[PDB]
file run.cif (mmCIF, C-alpha atoms and all ligand atoms)
data_run
#
loop_
_atom_site.group_PDB
_atom_site.id
_atom_site.type_symbol
_atom_site.label_atom_id
_atom_site.label_comp_id
_atom_site.auth_asym_id
_atom_site.auth_seq_id
_atom_site.Cartn_x
_atom_site.Cartn_y
_atom_site.Cartn_z
ATOM 1 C CA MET P 1 8.614 -0.412 2.216
ATOM 2 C CA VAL P 2 5.739 1.133 0.257
ATOM 3 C CA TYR P 3 5.268 3.273 -2.899
ATOM 4 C CA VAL P 4 3.754 6.715 -2.364
ATOM 5 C CA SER P 5 3.512 8.912 -5.406
ATOM 6 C CA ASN P 6 1.260 10.806 -7.807
ATOM 7 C CA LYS P 7 1.685 8.188 -10.496
ATOM 8 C CA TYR P 8 -0.140 4.984 -11.509
ATOM 9 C CA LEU P 9 1.478 1.889 -9.988
ATOM 10 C CA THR P 10 2.432 -1.257 -11.881
ATOM 11 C CA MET P 11 1.134 -4.638 -10.785
ATOM 12 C CA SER P 12 4.418 -5.400 -8.976
ATOM 13 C CA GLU P 13 4.337 -2.063 -7.132
ATOM 14 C CA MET P 14 0.671 -2.542 -6.200
ATOM 15 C CA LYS P 15 1.506 -5.917 -4.746
ATOM 16 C CA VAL P 16 4.124 -4.401 -2.396
ATOM 17 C CA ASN P 17 1.510 -1.889 -1.105
ATOM 18 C CA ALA P 18 -1.284 -4.437 -0.991
ATOM 19 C CA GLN P 19 0.716 -6.903 1.195
ATOM 20 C CA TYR P 20 1.592 -4.015 3.506
ATOM 21 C CA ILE P 21 -2.100 -3.051 3.933
ATOM 22 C CA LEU P 22 -3.066 -6.703 4.534
ATOM 23 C CA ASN P 23 -0.498 -6.985 7.338
ATOM 24 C CA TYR P 24 -1.521 -3.662 8.937
ATOM 25 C CA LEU P 25 -5.271 -4.261 8.975
ATOM 26 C CA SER P 26 -4.928 -7.917 10.029
ATOM 27 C CA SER P 27 -3.483 -6.604 13.352
ATOM 28 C CA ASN P 28 -6.506 -4.325 13.712
ATOM 29 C CA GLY P 29 -9.070 -7.107 13.482
ATOM 30 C CA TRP P 30 -10.031 -7.241 9.758
ATOM 31 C CA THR P 31 -10.538 -10.509 7.859
ATOM 32 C CA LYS P 32 -8.421 -11.267 4.824
ATOM 33 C CA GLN P 33 -11.619 -11.346 2.701
ATOM 34 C CA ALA P 34 -12.732 -7.847 3.874
ATOM 35 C CA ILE P 35 -9.248 -6.415 3.341
ATOM 36 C CA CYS P 36 -9.101 -7.971 -0.129
ATOM 37 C CA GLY P 37 -12.569 -6.635 -1.018
ATOM 38 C CA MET P 38 -11.286 -3.157 -0.159
ATOM 39 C CA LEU P 39 -7.993 -3.729 -2.030
ATOM 40 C CA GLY P 40 -10.052 -4.564 -5.142
ATOM 41 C CA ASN P 41 -11.571 -1.099 -4.746
ATOM 42 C CA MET P 42 -8.285 0.689 -3.977
ATOM 43 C CA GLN P 43 -6.749 -0.752 -7.182
ATOM 44 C CA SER P 44 -9.439 0.982 -9.265
ATOM 45 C CA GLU P 45 -9.403 4.141 -7.171
ATOM 46 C CA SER P 46 -5.680 4.777 -6.916
ATOM 47 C CA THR P 47 -3.726 1.679 -8.085
ATOM 48 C CA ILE P 48 -3.394 1.251 -4.313
ATOM 49 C CA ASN P 49 -1.267 4.404 -4.128
ATOM 50 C CA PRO P 50 -1.513 6.643 -0.989
ATOM 51 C CA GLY P 51 0.175 9.500 -2.916
ATOM 52 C CA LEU P 52 -2.334 9.580 -5.813
ATOM 53 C CA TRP P 53 -4.467 12.612 -6.733
ATOM 54 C CA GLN P 54 -7.554 12.223 -8.971
ATOM 55 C CA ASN P 55 -6.489 12.815 -12.655
ATOM 56 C CA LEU P 56 -2.929 13.170 -11.244
ATOM 57 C CA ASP P 57 -4.033 16.685 -10.413
ATOM 58 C CA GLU P 58 -1.652 17.357 -7.503
ATOM 59 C CA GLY P 59 -2.831 19.979 -5.007
ATOM 60 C CA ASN P 60 -6.496 20.039 -6.054
ATOM 61 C CA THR P 61 -8.178 19.359 -2.701
ATOM 62 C CA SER P 62 -11.692 19.486 -4.177
ATOM 63 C CA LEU P 63 -11.042 16.220 -6.013
ATOM 64 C CA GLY P 64 -10.061 12.681 -4.979
ATOM 65 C CA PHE P 65 -6.879 11.752 -3.091
ATOM 66 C CA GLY P 66 -5.215 8.658 -1.610
ATOM 67 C CA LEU P 67 -5.934 4.945 -1.442
ATOM 68 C CA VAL P 68 -9.754 5.181 -1.561
ATOM 69 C CA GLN P 69 -9.959 8.607 -3.293
ATOM 70 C CA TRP P 70 -11.483 10.597 -0.434
ATOM 71 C CA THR P 71 -13.497 13.247 -2.331
ATOM 72 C CA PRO P 72 -13.174 16.056 -1.589
ATOM 73 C CA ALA P 73 -9.551 15.314 -0.581
ATOM 74 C CA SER P 74 -10.003 17.944 2.138
ATOM 75 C CA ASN P 75 -12.380 15.401 3.933
ATOM 76 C CA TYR P 76 -9.221 13.374 4.636
ATOM 77 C CA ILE P 77 -6.536 16.018 4.521
ATOM 78 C CA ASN P 78 -8.244 18.339 7.103
ATOM 79 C CA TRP P 79 -8.525 15.282 9.433
ATOM 80 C CA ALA P 80 -4.835 14.346 9.068
ATOM 81 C CA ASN P 81 -3.785 17.950 9.585
ATOM 82 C CA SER P 82 -6.032 18.249 12.645
ATOM 83 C CA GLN P 83 -4.675 14.955 14.099
ATOM 84 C CA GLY P 84 -0.981 15.879 13.670
ATOM 85 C CA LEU P 85 -0.415 13.173 11.027
ATOM 86 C CA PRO P 86 1.347 13.615 7.681
ATOM 87 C CA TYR P 87 -1.428 13.409 5.083
ATOM 88 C CA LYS P 88 0.665 11.903 2.240
ATOM 89 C CA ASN P 89 1.428 8.685 4.085
ATOM 90 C CA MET P 90 0.320 5.033 3.964
ATOM 91 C CA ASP P 91 -0.233 4.696 7.749
ATOM 92 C CA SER P 92 -2.043 8.023 8.003
ATOM 93 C CA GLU P 93 -4.578 6.854 5.351
ATOM 94 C CA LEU P 94 -4.948 3.475 7.053
ATOM 95 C CA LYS P 95 -5.563 5.272 10.372
ATOM 96 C CA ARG P 96 -8.319 7.301 8.650
ATOM 97 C CA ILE P 97 -10.034 4.089 7.552
ATOM 98 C CA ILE P 98 -9.857 2.663 11.114
ATOM 99 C CA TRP P 99 -11.179 5.989 12.427
ATOM 100 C CA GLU P 100 -14.119 5.756 9.988
ATOM 101 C CA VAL P 101 -15.016 2.188 11.131
ATOM 102 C CA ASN P 102 -14.819 3.313 14.739
ATOM 103 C CA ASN P 103 -16.897 6.465 14.320
ATOM 104 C CA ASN P 104 -19.296 5.125 11.651
ATOM 105 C CA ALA P 105 -18.150 7.647 9.109
ATOM 106 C CA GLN P 106 -18.107 7.346 5.286
ATOM 107 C CA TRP P 107 -20.215 4.158 5.165
ATOM 108 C CA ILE P 108 -23.867 4.224 4.071
ATOM 109 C CA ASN P 109 -25.621 0.948 4.690
ATOM 110 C CA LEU P 110 -27.143 0.198 1.247
ATOM 111 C CA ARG P 111 -26.543 -3.533 1.230
ATOM 112 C CA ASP P 112 -27.774 -4.486 4.758
ATOM 113 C CA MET P 113 -24.209 -4.604 6.059
ATOM 114 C CA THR P 114 -22.669 -2.117 8.501
ATOM 115 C CA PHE P 115 -18.950 -1.141 8.310
ATOM 116 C CA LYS P 116 -18.283 -3.188 11.503
ATOM 117 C CA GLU P 117 -19.976 -6.247 9.988
ATOM 118 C CA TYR P 118 -17.953 -5.734 6.839
ATOM 119 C CA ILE P 119 -14.467 -5.919 8.435
ATOM 120 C CA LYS P 120 -15.480 -9.187 10.192
ATOM 121 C CA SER P 121 -16.990 -10.774 7.057
ATOM 122 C CA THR P 122 -15.980 -14.114 5.521
ATOM 123 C CA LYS P 123 -18.074 -13.600 2.365
ATOM 124 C CA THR P 124 -16.063 -13.814 -0.886
ATOM 125 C CA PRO P 125 -13.562 -11.071 -1.830
ATOM 126 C CA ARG P 126 -15.803 -10.479 -4.884
ATOM 127 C CA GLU P 127 -18.977 -10.009 -2.760
ATOM 128 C CA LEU P 128 -17.197 -7.752 -0.268
ATOM 129 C CA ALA P 129 -15.642 -5.704 -3.079
ATOM 130 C CA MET P 130 -19.109 -5.017 -4.458
ATOM 131 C CA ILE P 131 -20.456 -4.126 -0.978
ATOM 132 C CA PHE P 132 -17.502 -1.827 -0.337
ATOM 133 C CA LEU P 133 -17.998 -0.193 -3.756
ATOM 134 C CA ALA P 134 -21.713 0.455 -3.043
ATOM 135 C CA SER P 135 -21.452 1.405 0.623
ATOM 136 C CA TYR P 136 -18.128 3.256 0.980
ATOM 137 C CA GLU P 137 -16.795 4.418 -2.401
ATOM 138 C CA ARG P 138 -20.025 5.384 -4.244
ATOM 139 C CA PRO P 139 -18.471 6.800 -7.469
ATOM 140 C CA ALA P 140 -20.549 8.377 -10.249
ATOM 141 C CA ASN P 141 -20.271 5.119 -12.207
ATOM 142 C CA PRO P 142 -21.520 2.224 -10.089
ATOM 143 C CA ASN P 143 -20.648 -0.394 -12.721
ATOM 144 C CA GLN P 144 -17.091 -1.527 -12.075
ATOM 145 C CA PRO P 145 -17.252 -5.378 -11.813
ATOM 146 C CA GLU P 146 -13.421 -5.243 -12.253
ATOM 147 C CA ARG P 147 -13.227 -4.344 -8.550
ATOM 148 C CA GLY P 148 -14.490 -7.861 -7.746
ATOM 149 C CA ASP P 149 -12.011 -9.587 -10.097
ATOM 150 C CA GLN P 150 -9.262 -7.500 -8.508
ATOM 151 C CA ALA P 151 -10.335 -8.439 -4.977
ATOM 152 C CA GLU P 152 -10.128 -12.132 -5.927
ATOM 153 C CA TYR P 153 -6.699 -11.521 -7.552
ATOM 154 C CA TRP P 154 -5.310 -10.037 -4.286
ATOM 155 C CA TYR P 155 -6.917 -12.736 -2.116
ATOM 156 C CA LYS P 156 -5.149 -15.383 -4.177
ATOM 157 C CA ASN P 157 -1.752 -13.703 -4.689
ATOM 158 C CA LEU P 158 -1.053 -12.198 -1.240
ATOM 159 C CA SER P 159 -0.186 -14.034 1.992
HETATM 160 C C1 LIG P 201 -16.479 11.482 -11.197
HETATM 161 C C2 LIG P 201 -16.490 10.597 -9.972
HETATM 162 O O1 LIG P 201 -17.140 9.544 -9.958
HETATM 163 N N1 LIG P 201 -15.755 10.994 -8.929
HETATM 164 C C3 LIG P 201 -15.530 10.011 -7.881
HETATM 165 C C4 LIG P 201 -16.240 10.387 -6.577
HETATM 166 O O2 LIG P 201 -17.630 10.557 -6.821
HETATM 167 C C5 LIG P 201 -15.972 9.301 -5.527
HETATM 168 O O3 LIG P 201 -16.115 9.850 -4.233
HETATM 169 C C6 LIG P 201 -17.445 9.698 -3.710
HETATM 170 O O4 LIG P 201 -18.352 10.683 -4.184
HETATM 171 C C7 LIG P 201 -19.676 10.465 -3.718
HETATM 172 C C8 LIG P 201 -20.696 11.330 -4.481
HETATM 173 O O5 LIG P 201 -20.379 12.706 -4.408
HETATM 174 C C9 LIG P 201 -19.729 10.632 -2.188
HETATM 175 O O6 LIG P 201 -21.026 10.260 -1.747
HETATM 176 C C10 LIG P 201 -21.738 11.341 -1.101
HETATM 177 O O7 LIG P 201 -21.237 11.574 0.191
HETATM 178 C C11 LIG P 201 -21.884 12.531 1.015
HETATM 179 C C12 LIG P 201 -21.368 12.286 2.426
HETATM 180 O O8 LIG P 201 -21.006 13.534 2.940
HETATM 181 C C13 LIG P 201 -23.411 12.441 1.069
HETATM 182 O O9 LIG P 201 -23.905 13.732 1.408
HETATM 183 C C14 LIG P 201 -24.057 11.949 -0.224
HETATM 184 O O10 LIG P 201 -25.286 11.356 0.124
HETATM 185 C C15 LIG P 201 -23.207 10.927 -0.989
HETATM 186 N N2 LIG P 201 -23.728 10.699 -2.323
HETATM 187 C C16 LIG P 201 -23.866 9.466 -2.816
HETATM 188 C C17 LIG P 201 -24.510 9.364 -4.169
HETATM 189 O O11 LIG P 201 -23.503 8.443 -2.225
HETATM 190 C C18 LIG P 201 -18.676 9.734 -1.508
HETATM 191 O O12 LIG P 201 -18.507 10.113 -0.152
HETATM 192 C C19 LIG P 201 -17.307 9.785 -2.194
HETATM 193 N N3 LIG P 201 -16.428 8.715 -1.741
HETATM 194 C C20 LIG P 201 -15.329 8.917 -0.992
HETATM 195 C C21 LIG P 201 -14.532 7.691 -0.590
HETATM 196 O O13 LIG P 201 -14.956 10.040 -0.622
HETATM 197 C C22 LIG P 201 -14.526 8.776 -5.529
HETATM 198 C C23 LIG P 201 -14.471 7.451 -4.784
HETATM 199 O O14 LIG P 201 -15.156 6.453 -5.516
HETATM 200 O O15 LIG P 201 -13.970 8.589 -6.824
HETATM 201 C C24 LIG P 201 -14.042 9.745 -7.640
HETATM 202 O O16 LIG P 201 -13.440 9.439 -8.889
#

call {"tool": "encode", "arguments": {"input": "run.cif", "output": "structure tokens"}}
result
Amino acid sequence: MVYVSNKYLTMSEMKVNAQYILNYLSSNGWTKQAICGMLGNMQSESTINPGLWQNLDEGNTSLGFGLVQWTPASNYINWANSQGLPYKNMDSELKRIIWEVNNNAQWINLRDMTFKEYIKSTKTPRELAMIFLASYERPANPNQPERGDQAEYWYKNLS
């Protein structure tokens, strides 16, 4: 059970999606801290919503889409289409992230941590959130300390 829409999610809806992601990536070898650092980012990017378009601008593939706001959306959507996966889908977006770790895509090592180090890290959710922000997301505004608060929130409130 997950929410997938082009709409901002409430805290209760986010928590449903966030527990789902935690469970999924735990089975694929990620630490709870690394997952929660990324969740802190996904909350700012998309309110942890796999259906979310940047500005709620549905169908604009030049802009951000999905949990981490792949920008241009086509970066992700072309890959899903090419792989035979439905693009507007929680698991499809999670499979993209695993694909990126495996193929060293998306990540630029700006904090002396590789993507493979990151998913195995037991540093704080706050620290990992800031690393993930700087290395993976890289938005125009680098100053979003909220992502670290949010990572700590999920680490505390999820199982
Ligand atoms: C207005 C705004 O901030 N829009 C946000 C997007 O900027 C952001 O997506 C990220 O955009 C950056 C900068 O364009 C991307 O980084 C670039 O990626 C390419 C890799 O092909 C590389 O050539 C550049 O060196 C690199 N530039 C920099 C400065 O790092 C980055 O890949 C995008 N991130 C993702 C996940 O797709 C998204 C996500 O934060 O949010 C928009 O709101």

call {"tool": "residues_near_point", "arguments": {"input": "run.cif", "point": "(2.0, 5.4, -3.4)", "cutoff": "9 Å", "atoms": "only C-alpha atoms", "output": "CSV table (one decimal) with C-alpha atoms, in the frame of the given file"}}
result
chain,number,residue,atom,x,y,z
P,2,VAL,CA,5.7,1.1,0.3
P,3,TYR,CA,5.3,3.3,-2.9
P,4,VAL,CA,3.8,6.7,-2.4
P,5,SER,CA,3.5,8.9,-5.4
P,6,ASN,CA,1.3,10.8,-7.8
P,7,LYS,CA,1.7,8.2,-10.5
P,8,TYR,CA,-0.1,5.0,-11.5
P,9,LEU,CA,1.5,1.9,-10.0
P,13,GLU,CA,4.3,-2.1,-7.1
P,14,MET,CA,0.7,-2.5,-6.2
P,17,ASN,CA,1.5,-1.9,-1.1
P,46,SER,CA,-5.7,4.8,-6.9
P,47,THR,CA,-3.7,1.7,-8.1
P,48,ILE,CA,-3.4,1.3,-4.3
P,49,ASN,CA,-1.3,4.4,-4.1
P,50,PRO,CA,-1.5,6.6,-1.0
P,51,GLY,CA,0.2,9.5,-2.9
P,52,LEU,CA,-2.3,9.6,-5.8
P,66,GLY,CA,-5.2,8.7,-1.6
P,67,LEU,CA,-5.9,4.9,-1.4
P,88,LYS,CA,0.7,11.9,2.2
P,89,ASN,CA,1.4,8.7,4.1
P,90,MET,CA,0.3,5.0,4.0

call {"tool": "closest_atom_pairs", "arguments": {"input": "run.cif", "of": "chain P", "to": "ligand LIG 201 (chain P)", "cutoff": "7 Å", "atoms": "all atoms listed in the file", "output": "JSON lines"}}
result
{"residue": "P:45", "atom": "CA", "partner": "P:LIG201", "partner_atom": "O15", "distance": 6.4}
{"residue": "P:54", "atom": "CA", "partner": "P:LIG201", "partner_atom": "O16", "distance": 6.5}
{"residue": "P:64", "atom": "CA", "partner": "P:LIG201", "partner_atom": "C24", "distance": 5.6}
{"residue": "P:68", "atom": "CA", "partner": "P:LIG201", "partner_atom": "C21", "distance": 5.5}
{"residue": "P:69", "atom": "CA", "partner": "P:LIG201", "partner_atom": "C23", "distance": 4.9}
{"residue": "P:70", "atom": "CA", "partner": "P:LIG201", "partner_atom": "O13", "distance": 3.5}
{"residue": "P:71", "atom": "CA", "partner": "P:LIG201", "partner_atom": "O13", "distance": 3.9}
{"residue": "P:72", "atom": "CA", "partner": "P:LIG201", "partner_atom": "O13", "distance": 6.3}
{"residue": "P:106", "atom": "CA", "partner": "P:LIG201", "partner_atom": "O12", "distance": 6.1}
{"residue": "P:136", "atom": "CA", "partner": "P:LIG201", "partner_atom": "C21", "distance": 5.9}
{"residue": "P:137", "atom": "CA", "partner": "P:LIG201", "partner_atom": "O14", "distance": 4.1}
{"residue": "P:138", "atom": "CA", "partner": "P:LIG201", "partner_atom": "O11", "distance": 5.1}
{"residue": "P:139", "atom": "CA", "partner": "P:LIG201", "partner_atom": "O14", "distance": 3.9}
{"residue": "P:140", "atom": "CA", "partner": "P:LIG201", "partner_atom": "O1", "distance": 3.6}
{"residue": "P:141", "atom": "CA", "partner": "P:LIG201", "partner_atom": "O1", "distance": 5.9}

call {"tool": "atom_distance", "arguments": {"input": "run.cif", "atom1": "atom CA of residue P:127", "atom2": "atom CA of residue P:148"}}
result
7.0 Å

call {"tool": "residues_around", "arguments": {"input": "run.cif", "residues": "residue P:121", "least_positions_apart": "2", "cutoff": "7 Å", "atoms": "all atoms listed in the file", "output": "MDAnalysis selection string"}}
result
chainID P and resid 31 33:34 117:119 123

call {"tool": "closest_residue", "arguments": {"input": "run.cif", "among": "P:35, P:153, P:107, P:146", "to": "residue P:23", "atoms": "all atoms listed in the file"}}
result
P:35

call {"tool": "atom_distance", "arguments": {"input": "run.cif", "atom1": "atom CA of residue P:152", "atom2": "atom CA of residue P:129"}}
result
8.9 Å

call {"tool": "resolve_selection", "arguments": {"input": "run.cif", "expression": "the PyMOL selection byres (((chain P and resi 114) around 12) and not hetatm)", "output": "PyMOL selection string"}}
result
chain P and resi 100-113+115-121+128+131-132+134-136

call {"tool": "atom_distance", "arguments": {"input": "run.cif", "atom1": "atom CA of residue P:60", "atom2": "atom CA of residue P:83"}}
result
20.9 Å

call {"tool": "closest_residue", "arguments": {"input": "run.cif", "among": "P:75, P:92, P:61, P:143", "to": "residue P:21", "atoms": "only C-alpha atoms"}}
result
P:92

call {"tool": "closest_residue", "arguments": {"input": "run.cif", "among": "P:10, P:149, P:42, P:158", "to": "residue P:94", "atoms": "only C-alpha atoms"}}
result
P:42

call {"tool": "axis_aligned_box", "arguments": {"input": "run.cif", "around": "stretch 11-19 of chain P", "padding_each_side": "4 Å", "output": "JSON"}}
result
{"center_x": 1.6, "center_y": -4.4, "center_z": -4.8, "size_x": 13.7, "size_y": 13.0, "size_z": 20.0}

call {"tool": "closest_residue", "arguments": {"input": "run.cif", "among": "P:91, P:36, P:156, P:63", "to": "residue P:125", "atoms": "all atoms listed in the file"}}
result
P:36

call {"tool": "closest_residue", "arguments": {"input": "run.cif", "among": "P:93, P:130, P:65, P:59", "to": "residue P:145", "atoms": "all atoms listed in the file"}}
result
P:130

call {"tool": "closest_residue", "arguments": {"input": "run.cif", "among": "P:76, P:81, P:18, P:150", "to": "residue P:99", "atoms": "all atoms listed in the file"}}
result
P:76

call {"tool": "decode", "arguments": {"input": "run.cif", "residues": "stretch 40-59 of chain P", "atoms": "N, CA and C atoms", "output": "PDB file, in the first residue's frame"}}
result
ATOM      1  N   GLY P  40      14.965  11.778   4.090  1.00  0.00           N
ATOM      2  CA  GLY P  40      15.029  13.201   4.435  1.00  0.00           C
ATOM      3  C   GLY P  40      15.086  14.039   3.180  1.00  0.00           C
ATOM      4  N   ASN P  41      15.835  13.568   2.177  1.00  0.00           N
ATOM      5  CA  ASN P  41      15.877  14.266   0.883  1.00  0.00           C
ATOM      6  C   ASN P  41      14.576  14.118   0.091  1.00  0.00           C
ATOM      7  N   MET P  42      14.064  12.888   0.004  1.00  0.00           N
ATOM      8  CA  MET P  42      12.830  12.649  -0.755  1.00  0.00           C
ATOM      9  C   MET P  42      11.647  13.466  -0.209  1.00  0.00           C
ATOM     10  N   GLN P  43      11.609  13.703   1.110  1.00  0.00           N
ATOM     11  CA  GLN P  43      10.528  14.519   1.677  1.00  0.00           C
ATOM     12  C   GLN P  43      10.546  15.934   1.103  1.00  0.00           C
ATOM     13  N   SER P  44      11.740  16.529   1.003  1.00  0.00           N
ATOM     14  CA  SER P  44      11.858  17.858   0.385  1.00  0.00           C
ATOM     15  C   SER P  44      11.621  17.840  -1.112  1.00  0.00           C
ATOM     16  N   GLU P  45      12.102  16.784  -1.775  1.00  0.00           N
ATOM     17  CA  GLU P  45      11.985  16.717  -3.227  1.00  0.00           C
ATOM     18  C   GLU P  45      10.551  16.533  -3.689  1.00  0.00           C
ATOM     19  N   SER P  46       9.837  15.600  -3.054  1.00  0.00           N
ATOM     20  CA  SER P  46       8.575  15.110  -3.579  1.00  0.00           C
ATOM     21  C   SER P  46       7.515  14.804  -2.526  1.00  0.00           C
ATOM     22  N   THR P  47       7.734  15.189  -1.264  1.00  0.00           N
ATOM     23  CA  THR P  47       6.973  14.633  -0.117  1.00  0.00           C
ATOM     24  C   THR P  47       6.887  13.101  -0.206  1.00  0.00           C
ATOM     25  N   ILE P  48       7.996  12.517  -0.650  1.00  0.00           N
ATOM     26  CA  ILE P  48       8.155  11.069  -0.764  1.00  0.00           C
ATOM     27  C   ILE P  48       7.039  10.484  -1.643  1.00  0.00           C
ATOM     28  N   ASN P  49       6.759  11.158  -2.761  1.00  0.00           N
ATOM     29  CA  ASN P  49       5.676  10.754  -3.637  1.00  0.00           C
ATOM     30  C   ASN P  49       6.209  10.337  -5.029  1.00  0.00           C
ATOM     31  N   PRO P  50       6.110   9.037  -5.375  1.00  0.00           N
ATOM     32  CA  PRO P  50       6.626   8.595  -6.697  1.00  0.00           C
ATOM     33  C   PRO P  50       5.860   9.169  -7.882  1.00  0.00           C
ATOM     34  N   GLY P  51       4.628   9.636  -7.653  1.00  0.00           N
ATOM     35  CA  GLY P  51       3.820  10.257  -8.719  1.00  0.00           C
ATOM     36  C   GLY P  51       4.015  11.754  -8.946  1.00  0.00           C
ATOM     37  N   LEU P  52       4.939  12.388  -8.223  1.00  0.00           N
ATOM     38  CA  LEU P  52       5.007  13.862  -8.183  1.00  0.00           C
ATOM     39  C   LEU P  52       5.890  14.518  -9.258  1.00  0.00           C
ATOM     40  N   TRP P  53       5.288  15.435 -10.005  1.00  0.00           N
ATOM     41  CA  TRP P  53       6.010  16.242 -10.997  1.00  0.00           C
ATOM     42  C   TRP P  53       6.420  17.572 -10.373  1.00  0.00           C
ATOM     43  N   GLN P  54       7.617  18.058 -10.705  1.00  0.00           N
ATOM     44  CA  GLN P  54       8.057  19.395 -10.254  1.00  0.00           C
ATOM     45  C   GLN P  54       6.980  20.461 -10.546  1.00  0.00           C
ATOM     46  N   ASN P  55       6.682  21.316  -9.563  1.00  0.00           N
ATOM     47  CA  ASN P  55       5.609  22.347  -9.665  1.00  0.00           C
ATOM     48  C   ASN P  55       4.206  21.762  -9.898  1.00  0.00           C
ATOM     49  N   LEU P  56       4.059  20.440  -9.739  1.00  0.00           N
ATOM     50  CA  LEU P  56       2.831  19.722 -10.096  1.00  0.00           C
ATOM     51  C   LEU P  56       2.532  19.847 -11.582  1.00  0.00           C
ATOM     52  N   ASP P  57       3.596  20.024 -12.358  1.00  0.00           N
ATOM     53  CA  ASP P  57       3.454  20.244 -13.784  1.00  0.00           C
ATOM     54  C   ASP P  57       3.483  18.891 -14.516  1.00  0.00           C
ATOM     55  N   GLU P  58       2.345  18.184 -14.479  1.00  0.00           N
ATOM     56  CA  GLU P  58       2.240  16.853 -15.054  1.00  0.00           C
ATOM     57  C   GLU P  58       2.546  16.828 -16.556  1.00  0.00           C
ATOM     58  N   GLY P  59       3.439  15.919 -16.961  1.00  0.00           N
ATOM     59  CA  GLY P  59       3.723  15.732 -18.375  1.00  0.00           C
ATOM     60  C   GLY P  59       4.862  16.585 -18.902  1.00  0.00           C
TER      61      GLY P  59
END
